[PDB]
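One structure below.
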Amino acid sequence: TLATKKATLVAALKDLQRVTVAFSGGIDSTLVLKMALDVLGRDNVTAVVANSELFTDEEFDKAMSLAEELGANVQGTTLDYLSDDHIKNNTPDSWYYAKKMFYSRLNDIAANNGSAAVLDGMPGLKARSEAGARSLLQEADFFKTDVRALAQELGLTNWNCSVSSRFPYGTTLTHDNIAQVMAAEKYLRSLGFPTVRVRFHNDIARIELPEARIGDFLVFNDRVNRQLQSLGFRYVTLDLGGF
Amino acid sequence: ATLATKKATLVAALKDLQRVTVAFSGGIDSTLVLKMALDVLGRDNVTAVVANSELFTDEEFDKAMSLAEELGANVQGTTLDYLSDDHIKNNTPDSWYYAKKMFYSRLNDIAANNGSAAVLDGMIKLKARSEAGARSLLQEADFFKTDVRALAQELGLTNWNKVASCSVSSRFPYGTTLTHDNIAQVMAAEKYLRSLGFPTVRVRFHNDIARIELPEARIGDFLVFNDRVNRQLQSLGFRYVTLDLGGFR
Amino acid sequence: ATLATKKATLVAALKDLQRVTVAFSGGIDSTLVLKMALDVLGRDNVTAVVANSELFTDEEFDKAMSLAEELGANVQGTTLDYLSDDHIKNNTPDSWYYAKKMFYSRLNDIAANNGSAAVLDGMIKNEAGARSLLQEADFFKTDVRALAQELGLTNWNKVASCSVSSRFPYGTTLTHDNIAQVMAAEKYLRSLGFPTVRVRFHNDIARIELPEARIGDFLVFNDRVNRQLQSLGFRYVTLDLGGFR
Amino acid sequence: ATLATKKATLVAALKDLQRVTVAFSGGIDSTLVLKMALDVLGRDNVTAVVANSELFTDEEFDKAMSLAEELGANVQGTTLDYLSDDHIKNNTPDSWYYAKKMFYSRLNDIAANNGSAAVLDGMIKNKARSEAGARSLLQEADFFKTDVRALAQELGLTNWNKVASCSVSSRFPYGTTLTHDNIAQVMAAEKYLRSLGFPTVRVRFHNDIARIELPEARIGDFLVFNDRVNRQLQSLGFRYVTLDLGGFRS
Amino acid sequence: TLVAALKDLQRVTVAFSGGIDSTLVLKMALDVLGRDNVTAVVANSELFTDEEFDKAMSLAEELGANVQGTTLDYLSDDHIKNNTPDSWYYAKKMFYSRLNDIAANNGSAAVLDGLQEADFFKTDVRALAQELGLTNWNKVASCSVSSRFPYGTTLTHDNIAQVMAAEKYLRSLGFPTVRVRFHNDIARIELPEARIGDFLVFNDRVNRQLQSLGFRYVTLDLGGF
Amino acid sequence: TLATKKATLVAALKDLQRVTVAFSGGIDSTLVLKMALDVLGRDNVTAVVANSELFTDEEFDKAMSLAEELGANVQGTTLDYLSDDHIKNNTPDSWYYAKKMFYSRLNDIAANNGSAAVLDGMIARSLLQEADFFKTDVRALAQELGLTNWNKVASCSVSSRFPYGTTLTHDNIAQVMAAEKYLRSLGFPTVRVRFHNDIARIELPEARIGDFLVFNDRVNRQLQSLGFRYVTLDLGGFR
Ligand SMILES: [Co+2]
Ligand SMILES: [Co+2]
Ligand SMILES: [Co+2]
Ligand SMILES: [Co+2]
Ligand SMILES: [Co+2]
Ligand SMILES: [Co+2]
């Protein structure tokens, strides 16, 4: 029932008349913002892209114009995830208390602009369930093979991780050492390794590279060491296991 | 004539047949045919067929299913046992023929059982195609790669499997009997080396010796995987896992 | 503003120009201009021009001829005498002026001889005998890739070529022999799998500038690059420990 | 002035002491002292002592036993639990002091229980030593690093454990409690890396992180062992095995 | 205890090959029995290198021994020429039967070899070799050429010399520890795994050279030595 | 045999009674200095170590101490090779007028202290080479005499780093000399920094270039600070 899953999907869209969509630039939320724009109009849809200290200023700037390209009045809001004790200390369920802090902000924008629901692209209770979010994609049994299909069906051609992963569970995130990691990875991205993570270990940086790249990386050893040392690490290391 | 002449000459035969079945691969030729047939005849008069066999990679097979689902074509999968044919099993210089002959003979059955007037494929400007009643609709309109790349870009086609991996028989010397076992022995080795970050690789079969052909630029990057590839391909049945000092061919 | 807006400003200026001549080189920026001009003014109001010269590789020229015909453009090939200018042959800091003047003035002649309102080229933010129509719409390097993805453009020269005169010191006169000596050296290295490379000329010494990421991969070709470039006239073939600039 | 005048001063104190106990550490300086004591006093009035402990490798210890037996000395080994010292177990910046103090304090027991006039060591002309009394006979005769090599060639001394090893406590940060487990955790890592062909290496301890210091010339050759060094040192208890991008003693 | 067995024999014959074992044995027999009461034999064969012969000949004259060389045709043995896994048996017999003849013709009480009767270890032989002043010895592993060939591959002067030639070349490039494995048209290079990084630059040269020696494919064993 | 080459060596050594040795710290001149001191005594052997612009002040200070360690009456002499016009311009025959400037000093020192000859190592008498001494034997006798320290770095004359006909100066010599010890410091004892005005050409054994990859950026900055505009690695390696 292929076009009958679009039928279940479109059915809920007309029910809400006006929505606020949580835009993440990914293929799923790009599919949601487009379907909301083609069914409810540009004025009954408010796209929101969350900016934070945990995402690269390029990753946020990418999704804002990607929302403008679909022609939706997109609003960017900023979140201090570090304000949550669960996040600042980085517990293993920190993504939950993060996804919760998000939707309540989206629920504010939805309530302040007259939205029937908040839409998105899909420890305690569920993060959406608690905030009253509507994940219309999963409610209609979308698969990985369906979303990629409908994006081509709608003419979608352009579509695009969080820094808490660079830190161990239970290592206090600070405004200082995040920029210490964020700046370190931007350096290694510039040196010719777009896929890299700089793992935090207090006074030790642990550099994970794809093992194919470890050979090409050899020449930058002294320079990466000296640069990341200036950024505050006492020891700059390469994880012998790679990424 | 012009690129505009060739687009209409291409569509001319498309409407002539009303309902078609495309032999879909990941390349631009079969993708341009699948897209143009879908843009002219609709998904209901277009059935894409992706051939599975012991001779081609399951990663390339699963890829062509998705390019047909992403292009919006009612895609059907058929499976081929090339090894049942004596000419293929022995790996003769004409093994590609009896493989291509066994292939097109299958699609004309699928064409007759789904109501197709012809079978389309991506031949542009060998005999086995012109024997089973197969239309090379691109070649019928004098399409060149400069025309196929031009018209595919015009339709917005940017995504296609560029790695048109040769037939796995190429990993074997001429006259080395292909078996269900040693064919999978090659596929597993190459899939591993492809998984490690080297998309261009061939594992040549030489009885108890594996010969790895890698581009010479990449051998610097490959140093780190030495111990693992040896032990891995040894587990896959080779007594010796070696790197060809000469690189790719 | 949005990418949706910069596209309007582009077509807006194109309708104002009605008929144009695009200076096609093969890079992603000039590829975007040739396609947008054909999709706004048609095949008959767009003349693509690919300039051949001694300072650029006969391979980079052939790419832009086929890439222009592949986009469906009336492609014209012109041949240029950069060395015919005294200021360039001796390789002074003024080579860029008298080279670009000869280029734009050659195309400005085609413009009057092919009936174009202007000559267009691919210049982005970050001479004026021609219109840089992308910078007028404030396109950046990240936006050109964005509009190229929207239009389906897949063939473009991924390594931006450059004038061969940079390989020689300022004030070392270029000759047809030492020019080809460098070009042939780079063409060999290009064939081995290093598309971004420069062979810097220092008389009997070749200085190879390679991206520092690649130098590890390059170890295996050492003896061959030496032996080939030695046969091409260099007494010493060396790798610059500093890499590409 | 010359060497042959210091070799005089060296022999002078040796006959003066009649019977001595030498602290042999396999190094070039301690090899010269044990040899000169055997040639001046005879084998029966000289006892060489080589300490086995948790701070030096069970592999490096056995060699100094072979160098002492090969020089023709009655070598007796004593074992010390440095961790029994409150200051060493915590690895304070002064742990070297209370460690060398525990060293000389043991030797003076062996010297008093076998009848020696002094304790000898190879300290030469290059702070807890003499508060137990050990005499630096080479340094007392103004021997230099070039003088020890000169007199060793004169005596036919050619074999010595040139890589004078360091104490395994240097592999740990200041203020990291040493345990019988994590000391062997480092020692086993270093012994593996030595076995693969990198004789000069240190494995720095950082809890769940091993930090591998290799000579930066060697890092190119080391790539092929990446996965094997990682997994072996992981089985030795480390969660993450890393190579210090700054190399040896960064 | 070591010298003790030497005095028992009055006159002995030491088998010098070039390794540290035969170097330590030949010297100690001379220091206990004198230069005239020790007869050294160094084996010449189709299975050994012209340098290993020169290695033991130069080392025996330097240690002060009356060195005698005999030559053996191992390929003449049916088990070796086809090289079955028991060729080492048919190989070891042709050697020892030759030495038992020479011992009677030089007035020797025994024939010596690399040693095991005195519980010498690899760490112990190195101790007496430095103690006895031995500084010249074949530091490169001397070995029989049959190991480069699979069990059951007919050895010929052409394909044996085909293998032997590759190893001397690679040893010249700066890799003294190397074996070149024969597989008809495939050469398999065993190199110490640390060196494979250093070996990278010689790839094309080793390939082109070893192709000239008759191999269709020159390969590096990913597992090394 | 070998034990003959030593008795033949002493035979020629006593025939000369008193000698002057050209010590260059290498093992060969070390074997000569030990055997001559052990046959004639410290008072009948004068070791001479040459200081000049063409060898490193580090190789000189090392060779001085190696003579004092073997117990030899060591005298230091200074040579002005750059004062020789044939050397300063580095002509293809500059090697000749250099070897003559060297031995002419040593033949003077021999006569002013009463030496019968000037001695040197190889394979002015050359007693080692005169006795059919080989490279495998010289290392053997060094262990026999108890010799363990010797400069296994036969640092050739620095004139080879400059093309023929490039005037050597005290300044550009130090530009080359300092560049090489830096490269020696990183772990490559066999290396040459070839001078080409604003280009340095680094010769490394092709085996070592794999080991060399990581130091690329650092070698550039140091040698650039030392005056080279471009620091390069010779793709052809050593020789
Ligand atoms: Co805060
Ligand atoms: Co079957
Ligand atoms: Co690479
Ligand atoms: Co205890
Ligand atoms: Co002067
Ligand atoms: Co190396």
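Identifiers in the structure tokens: chain A, B, ... in order shown; residue index from 1 per chain; ligand index from 1 in order shown.
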Chain B contacts to chain C at 7 Å (only C-alpha atoms) as an NGL selection string: :B and (146-147 or 150 or 153 or 156-158 or 217-218 or 220-221)
Expected answer as an MDAnalysis selection string: strand (DSSP E or B) residues in range 55-226 of chain B: chainID B and resid 74:80 118:120 134:135 202:206 209:213
For those residues, write C-alpha atoms to a file as an mmCIF file, in the first residue's frame.
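Contents of out_9.cif, freshly written:
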data_model
loop_
_atom_site.group_PDB
_atom_site.id
_atom_site.type_symbol
_atom_site.label_atom_id
_atom_site.label_comp_id
_atom_site.auth_asym_id
_atom_site.auth_seq_id
_atom_site.Cartn_x
_atom_site.Cartn_y
_atom_site.Cartn_z
ATOM 1 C CA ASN B 74 8.168 -1.217 -10.405
ATOM 2 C CA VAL B 75 11.399 -3.202 -9.999
ATOM 3 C CA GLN B 76 11.407 -7.010 -10.245
ATOM 4 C CA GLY B 77 14.369 -9.223 -9.357
ATOM 5 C CA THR B 78 15.484 -12.269 -11.316
ATOM 6 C CA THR B 79 18.289 -14.658 -10.349
ATOM 7 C CA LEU B 80 20.630 -16.368 -12.815
ATOM 8 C CA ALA B 118 10.424 -5.526 -26.038
ATOM 9 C CA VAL B 119 13.285 -5.516 -23.540
ATOM 10 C CA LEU B 120 15.407 -2.390 -23.165
ATOM 11 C CA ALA B 134 16.534 -6.812 -27.333
ATOM 12 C CA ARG B 135 16.312 -3.118 -28.139
ATOM 13 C CA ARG B 202 40.769 -7.336 -7.406
ATOM 14 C CA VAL B 203 41.643 -10.599 -5.650
ATOM 15 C CA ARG B 204 43.075 -12.867 -8.321
ATOM 16 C CA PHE B 205 42.661 -16.610 -7.819
ATOM 17 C CA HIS B 206 45.739 -18.849 -8.147
ATOM 18 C CA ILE B 209 47.709 -18.374 -3.617
ATOM 19 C CA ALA B 210 45.662 -15.183 -3.426
ATOM 20 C CA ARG B 211 47.041 -12.241 -5.435
ATOM 21 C CA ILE B 212 45.783 -8.804 -4.381
ATOM 22 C CA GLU B 213 45.866 -6.107 -7.059
#
Kindly compile the residues surrounding ligand 1 within 8 Å, counting only C-alpha atoms and all ligand atoms, and format them as a PDB file with N, CA, C and O atoms, in the first residue's frame.
ATOM      1  N   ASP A  80      20.689  26.118  25.298  1.00  0.00           N
ATOM      2  CA  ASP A  80      21.834  25.856  26.157  1.00  0.00           C
ATOM      3  C   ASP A  80      21.576  24.485  26.772  1.00  0.00           C
ATOM      4  O   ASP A  80      20.982  24.363  27.846  1.00  0.00           O
ATOM      5  N   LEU A  82      23.827  22.633  27.972  1.00  0.00           N
ATOM      6  CA  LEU A  82      24.653  22.528  29.167  1.00  0.00           C
ATOM      7  C   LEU A  82      23.897  22.941  30.419  1.00  0.00           C
ATOM      8  O   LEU A  82      24.335  22.618  31.525  1.00  0.00           O
ATOM      9  N   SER A  83      22.768  23.643  30.272  1.00  0.00           N
ATOM     10  CA  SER A  83      21.970  24.030  31.427  1.00  0.00           C
ATOM     11  C   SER A  83      21.376  22.833  32.140  1.00  0.00           C
ATOM     12  O   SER A  83      21.041  22.934  33.323  1.00  0.00           O
ATOM     13  N   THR A 174      32.215  21.601  29.513  1.00  0.00           N
ATOM     14  CA  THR A 174      32.306  23.009  29.846  1.00  0.00           C
ATOM     15  C   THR A 174      32.402  23.841  28.576  1.00  0.00           C
ATOM     16  O   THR A 174      32.779  23.349  27.508  1.00  0.00           O
ATOM     17  N   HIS A 175      32.015  25.113  28.706  1.00  0.00           N
ATOM     18  CA  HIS A 175      32.117  26.054  27.595  1.00  0.00           C
ATOM     19  C   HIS A 175      33.542  26.122  27.057  1.00  0.00           C
ATOM     20  O   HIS A 175      33.744  26.454  25.884  1.00  0.00           O
TER      21      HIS A 175
END
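Among the candidates E:125, E:187, E:118, E:196, the residue lying nearest to chain D is E:196 (atoms considered: only C-alpha atoms).
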10 Å contacts from chain E to chain B using only C-alpha atoms, as a PyMOL selection string: chain E and resi 183+186-190+193+196-197+200-208+217-224
12 Å shell around ligand 2 using only C-alpha atoms and all ligand atoms, listed as a ChimeraX atom specification: /B:53-54,80-86,88-89,178-181,183
Residue neighbourhood residue 31 in chain F, 8 Å, only C-alpha atoms, exclusion window fewer than 2 positions, as a ChimeraX atom specification: /F:27-29,33-35,121,138,141-142
Env. residues ligand 6 / 12 Å / only C-alpha atoms and all ligand atoms / as a ChimeraX atom specification: /D:197-198,215-224 /E:174-175,192-201 /F:187-188,205-214
